[PDB]
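Here the structure is laid out as structure tokens; the discussion comes afterwards.
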Amino acid sequence: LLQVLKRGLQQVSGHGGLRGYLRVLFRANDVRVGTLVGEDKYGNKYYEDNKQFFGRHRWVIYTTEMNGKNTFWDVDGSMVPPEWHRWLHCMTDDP
Amino acid sequence: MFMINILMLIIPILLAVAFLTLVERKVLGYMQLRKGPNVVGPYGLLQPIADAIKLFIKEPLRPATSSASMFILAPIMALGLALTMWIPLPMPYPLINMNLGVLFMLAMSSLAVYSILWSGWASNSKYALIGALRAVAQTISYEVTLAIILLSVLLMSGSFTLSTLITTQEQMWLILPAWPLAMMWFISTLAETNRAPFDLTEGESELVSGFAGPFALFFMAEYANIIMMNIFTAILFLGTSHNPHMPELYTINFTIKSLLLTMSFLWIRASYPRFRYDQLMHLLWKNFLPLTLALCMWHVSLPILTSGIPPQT
Amino acid sequence: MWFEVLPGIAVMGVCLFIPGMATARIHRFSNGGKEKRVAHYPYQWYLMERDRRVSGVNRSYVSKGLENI
Amino acid sequence: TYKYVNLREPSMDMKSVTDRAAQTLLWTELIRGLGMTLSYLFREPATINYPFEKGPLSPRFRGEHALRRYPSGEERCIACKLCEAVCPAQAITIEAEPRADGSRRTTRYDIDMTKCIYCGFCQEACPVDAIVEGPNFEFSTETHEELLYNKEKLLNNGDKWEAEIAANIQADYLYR
Amino acid sequence: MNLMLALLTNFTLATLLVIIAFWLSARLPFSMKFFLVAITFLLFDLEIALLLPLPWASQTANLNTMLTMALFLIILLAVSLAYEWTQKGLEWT
Amino acid sequence: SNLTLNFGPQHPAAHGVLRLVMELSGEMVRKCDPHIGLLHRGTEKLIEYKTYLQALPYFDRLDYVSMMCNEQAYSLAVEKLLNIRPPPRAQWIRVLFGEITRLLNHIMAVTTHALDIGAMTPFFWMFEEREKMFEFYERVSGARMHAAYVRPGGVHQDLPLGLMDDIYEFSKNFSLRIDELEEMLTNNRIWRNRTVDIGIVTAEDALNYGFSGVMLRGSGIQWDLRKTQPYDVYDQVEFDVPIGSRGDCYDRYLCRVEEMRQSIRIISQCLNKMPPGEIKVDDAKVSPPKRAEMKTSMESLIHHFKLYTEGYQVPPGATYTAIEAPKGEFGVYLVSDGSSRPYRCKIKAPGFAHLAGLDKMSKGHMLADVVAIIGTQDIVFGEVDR
Amino acid sequence: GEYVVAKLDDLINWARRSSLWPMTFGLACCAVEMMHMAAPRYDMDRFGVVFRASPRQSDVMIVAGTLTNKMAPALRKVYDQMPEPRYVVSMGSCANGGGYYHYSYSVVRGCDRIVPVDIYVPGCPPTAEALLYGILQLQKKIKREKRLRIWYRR
Ligand SMILES: CCCCCCCCCCCCCCCCCC(=O)OC[C@H](COP(=O)(O)OCCN)OC(=O)CCCCCCCCCCCCCCCCC
Ligand SMILES: CCCCCCCCCCCCO[C@@H]1O[C@H](CO)[C@@H](O[C@H]2O[C@H](CO)[C@@H](O)[C@H](O)[C@H]2O)[C@H](O)[C@H]1O
Ligand SMILES: N=C(N)NC(=N)NCCc1ccc(I)c(Cl)c1
Ligand code: SF4
Ligand code: SF4
Ligand code: SF4
């Protein structure tokens, strides 16, 4: 139980402080830390954690601006470009 | 200072009711292998606020009641009586220390059904009145066992004062000597508050074809009654030791027991199918009532034959 | 995970903690730091009335001891 | 071969009778059900964080349609009208004529996306892999008219999604 | 004085919340059985009025008399239930 | 008096809307008059304007919980009029996905049966399993539900590499999931109070009213079309037919739960006995050739062109072909006039006769027992109304 | 005045879109994928979209399946009994424009002939994720509303 609490605190640091921790919590409603698989030209960031169960082992943190639109709060699934769309939906294994 | 005392009872009740809707949705979500609200506010903490505002700015049904005088009276009676049941609760000190507190709550709870009836008449529909008579017939039936079970427990307490239940359980919870009564008491409250598996008004309404702000007020009244039943159940059967110097120690332990009992209605709703209307009537008139009458006989005799008669004071 | 249900339970728990704690605190404030006197029967009311006279300020919860003998 | 699902005779020895009486009076079989829902409360939920997480799909997934090109940029479609012929919903409307260079190409290629059943028969019938159902499924609109695709819309879908469509075709064409 | 003020506050707030929420003769075919449920409730409720004094009745010197009359009343309650039961007053078919 | 049951529950439900006109006396049901047609879409007339391939997707949308089983029935009827035979690997795939589909249907049948009665938690546990089986549908066909995968001649495509291992992984853990479902319902006194001795139907009445499937086997009738009149490779797999003894809702509920266990038993054999080879009849006048052949061979291209425009012609004749669908006997009376479009296509939906028996089965029951009785028949108004 | 109205719309738009209680017409196939959106993988309840509601407590009607001429009057009546604000989501080809039964004598060629539609969700059936995308698209549509700004400028 002590190690469970430690993992919780490592997520705050894993998100570059409390401000970046609260940022993803209110943007994505999730504070998991993953491995940055890559980033596309629009600013979307792609993460993986194969320790998670299938369907949660890959995710994207959407960019805050895309094509002159403010997407800090307004994100949607159509913002993923086709090259990453294949990876995010597990149609392929290779990013 | 007494007005202030009234407010720090009323307002915390309505906030507790608002967030019970969140807790119910999330406890049921996880028992169903999902999450429940977790987007509107961190961990869904703003979901009750979003629902409250949504319901109040929602256009009313424009129903055209048959009695405007009594269309409005029903929700006022439901919510006014629900708040009234809290004033004699010793937590550990009651807002009003009533010598006959148990009778007061038994008497006030007997008036709850008037709101069910008055809404049926105000419905202006044959089917809504029939539904109101089935809810009333179920509620009053399960009031019979609650009154007798309550009396049987008071024969070991010796008073109608709710604080005496705390003294009665200084050395031991009443659940030990009276666990058979505790079981039927708990199920009677589920049936009394029309909760699953006894949620027949919600179910039979979902069948018959024909049968927002006012909905919200009715909802809060029902959920404030659920919390109060479980607080009363903890006081009645799981009495918390009271330290006069550290009174908030009693409140913490008492609150945890109430939450666990309230969370158990949620647990039960997640676990069982729904009774059929005649089947929950057979449950009371042919199972609980014969056993409650026999245990009422037992609990009158038991203190006498053991020389364990409690004092009046 | 299941522990994400606790924040909702904590808020509802604090909401149910305020009434019992508020009544106890206000009683101590209103009764000079003591429990509010309980008078259910005529005897207890008689002594509360007598204490009100004895105190000399019309306050039953002001207690007079051996210093008035 | 058969088996009986409910052909058991209860044992009437006093012990077994008392076992059933305890179940009735003490609700033991109801307590057991409460254990099962309790065990789920402490299990990890199956929910995924949409839209940040997505449901897994395969290269065969039949989503939004697109018209494809050769690597040169020439359109693959030659207005053969096999897709229009096979479409179970009559959702495709095609017209064609000789292009200014004499090429056999369409002047109209419409797909009523509110008639379509997303069955993929058109992409099976196409002899040149011109029409495909792409991987996009997040294209709901606010008006009916936006779901009546013409050739410009479908060609733009091909240019938009070709990077992923080509990869999906590469991963599945040996099963076709 | 305190109880009335508590009662006034509860119902005054209920009216206040209600007004915000709202603005800012023949024979019903309902069965005989449901009538006899209400009448059964009343008669049982009346016999429950008589049992309420029992927690005070147990302090009496005349315990033999009290206990006999306490069980006598509850047994008549049982016999009343037994009679409706055997006269098919509890059946819903 | 006179009531009308609502179109559907307040919670989300997928089986169609019913207009049930009820006669009651007190709590008792005196008459049930089902008014259907609220989902009648003229499927059978539409099929007459389609080629035999174009009509196949109409069958996914009948009992739209048992998609591939409906496809198999239509494919068997067409293959019988064509006088051809699908290849053995296709037959094994069709039985494999027939049993996967039976799991899909029985989960929907049993957990929505509990959900309507108010036992709602098992619904959520078991549609996570249905979600994983939707992934199997989408991996072979690209569609989660309406696959159009089984076709006259075999199956459209071969299993993707790695699919069978995943099906094995799912089947490994599934029996425990059925066990948890039974923990909530089987011995629950409330569930039994809602189901035992409800909607009793005698063996003779069941036959004369045209029942099939579990509606027959719940009354002790020893009939299963997979045993008596086997199709595809069902005569090469071992399984037991569950038989009820009391003919009521509870016995039919147990039959469906046991049928789920037998489906897992059959799936285990299909995974181990899957043979190699082609997936559609090697006969390019019925089944389209491979895309590589279509782009290299003159004969292949011609046959591709004709199969996808005119379609294949079916010799004139009429067949009634039926299978053991998850909901009972699902059949098609298919009439060919020698052309490439069916002349007539009557669909025998097992729920059509079952809902016609609701009035009989509900006599002398309570208003809430009608909920359980429509539940135990497992009605999808897509197949009832066509 | 101008500032308050802007922040006030922000509040009520937040409340209405964060608490979307749906009435689903499970007419046909598409209701199955609708159930899968309520199932644990997507858990529509976590967005505030409750499981069960009742027509007279609902904010959004989801027409999930084929609408026949026989069913058309009953669907319109439910829409007419919904308290406002009310939205309609057309789910799948049948409800969108008739779909695979478009040319049938007994099918309404699109539910938008009977009720006004806010969102059209394509597919036959749309995947549960596609429907969830459409529901979150409707939330964005509500987030764009400006009832008080328009009212204040009348
Ligand atoms: C030394 C001498 C001493 C003398 C005294 C000795 C006493 C001996 C007697 C001991 C046993 C008494 C048991 C009393 C408990 C009540 C029993 C009961 O009423 O259960 C029977 C009831 C009927 O069920 P059924 O299957 O239909 O039986 C056929 C009836 N014709 O079944 C039901 O109630 C069904 C209830 C369904 C709903 C339950 C759902 C919740 C279950 C978990 C709740 C756990 C309770 C938690 C308690 C919390 C308390 C704070
Ligand atoms: C928890 C307290 C929160 C208090 C917040 C106070 C903010 C007050 C702003 C109220 C804005 C209400 O906005 C408005 O509400 C009513 C019903 O509620 C809706 O309904 C109304 O409009 C429609 C057409 O527009 C009418 O046909 C209908 O008769 C009418 O009821 C409106 O469509 C909506 O635009
Ligand atoms: N979906 C349901 N109808 N049930 C439910 N959980 N309703 C909760 C809705 C509600 C009602 C009043 C208030 I005040 C608040 Cl805060 C929330
Ligand atoms: S997917 Fe099927 S229905 Fe849609 S356009 Fe292609 S052939 Fe026609
Ligand atoms: S898309 Fe393909 S099948 Fe359709 S007309 Fe063009 S080349 Fe022919
Ligand atoms: S759109 Fe497709 S899945 Fe939905 S009801 Fe129509 S045929 Fe069925």
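Just so we're on the same page: letters track the sequence lines, and every chain starts at 1. Whatever order the structure lists them in is the order used to number ligands and atoms, beginning at 1. Excluded from the calculations below are hydrogen atoms, water molecules and symmetry mates; all remaining heavy atoms, backbone and side chain alike, are included.
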### Message
Counting backbone and side-chain atoms alike, is an N, O or S atom of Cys30(G) positioned under 2.8 Å from atom 6 (Fe) of ligand 6?
### Response
no
### Summary
Filtering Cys116(D), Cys87(D), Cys119(D) for the heavy atom nearest atom 2 (Fe) of ligand 4 leaves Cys119(D)
### Task
Output the list of atoms in ligand 4 that are nearer than 4.0 Å to some heavy atom of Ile92(D), sorted by atom number.
5 (S)
### Query
Any chance CD of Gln90(D) has more than 12 other-residue heavy atoms, nucleotides or ligands included, within less than 6.0 Å?
no
#### Entry: Numbering as shown, the atoms of ligand 3 that approach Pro48(B) to under 4.0 Å (heavy-atom distance)
16 (Cl)
### Summary
If we number the atoms of ligand 6 from 1 as shown, the ones under 4.0 Å from a heavy atom of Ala28(G) are 5 (S)
### Message
Taking only non-hydrogen atoms of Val86(D), do any sit less than 4.0 angstrom from ligand 4?
### Response
no
### Message
At less than 4.0 angstrom from any non-hydrogen atom of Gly65(G), what atoms of ligand 6 do you find?
### Response
5 (S)
### Query
Can you tell me which residue and heavy atom of the protein come closest to atom 6 (Fe) of ligand 6, and the distance to 0.1 Å?
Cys94(G) SG, 2.2 Å
### Shortest protein heavy-atom distance from atom 2 (C) of ligand 3, along with the residue and atom involved
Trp21(G) CH2, 4.5 Å
### Task
For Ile117(D), take its heavy atoms, then give the atoms of ligand 4 lying under 4.0 Å from any of them.
3 (S), 4 (Fe)
### Query
Under 4.0 Å from any heavy atom of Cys124(G), which atoms of ligand 6 are there?
1 (S), 2 (Fe), 3 (S), 7 (S)
### Query
Nearest heavy atom to atom 11 (C) of ligand 3: which of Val50(G), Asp51(B), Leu55(B), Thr21(B) does it belong to?
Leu55(B)
### Query
Do we see a donor-acceptor contact under 3.5 Å between the side chains of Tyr149(D) and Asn157(D)?
no
### Query
What are the atoms of ligand 4, with element, lying closer than 4.0 Å to any heavy atom of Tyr118(D)?
1 (S), 4 (Fe)
### Query
Among protein heavy atoms, which sits nearest to atom 4 (N) of ligand 3, and what does the distance come to when rounded to 0.1 Å?
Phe219(B) CE1, 4.4 Å
### Nearest non-hydrogen protein atom, atom 7 (S) of ligand 4
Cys122(D) N, 3.3 Å
### Message
Give me the nearest non-hydrogen protein atom to atom 3 (S) of ligand 6 as residue plus atom name, then the distance to 0.1 Å.
### Response
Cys29(G) CB, 3.0 Å
### Query
Is there a heavy atom in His65(D) that sits closer than 4.0 Å to ligand 4?
yes
### Query
When you look for heavy atoms under 4.0 Å from ligand 4, do you find them on the side chain of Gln123(D), its backbone, both, or neither?
neither
### Message
Show me which atoms of ligand 3 lie under 4.0 Å from any heavy atom of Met220(B).
### Response
14 (I)
### Query
For atom 6 (N) of ligand 3, what's the nearest protein heavy atom and its distance?
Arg25(B) CD, 4.2 Å
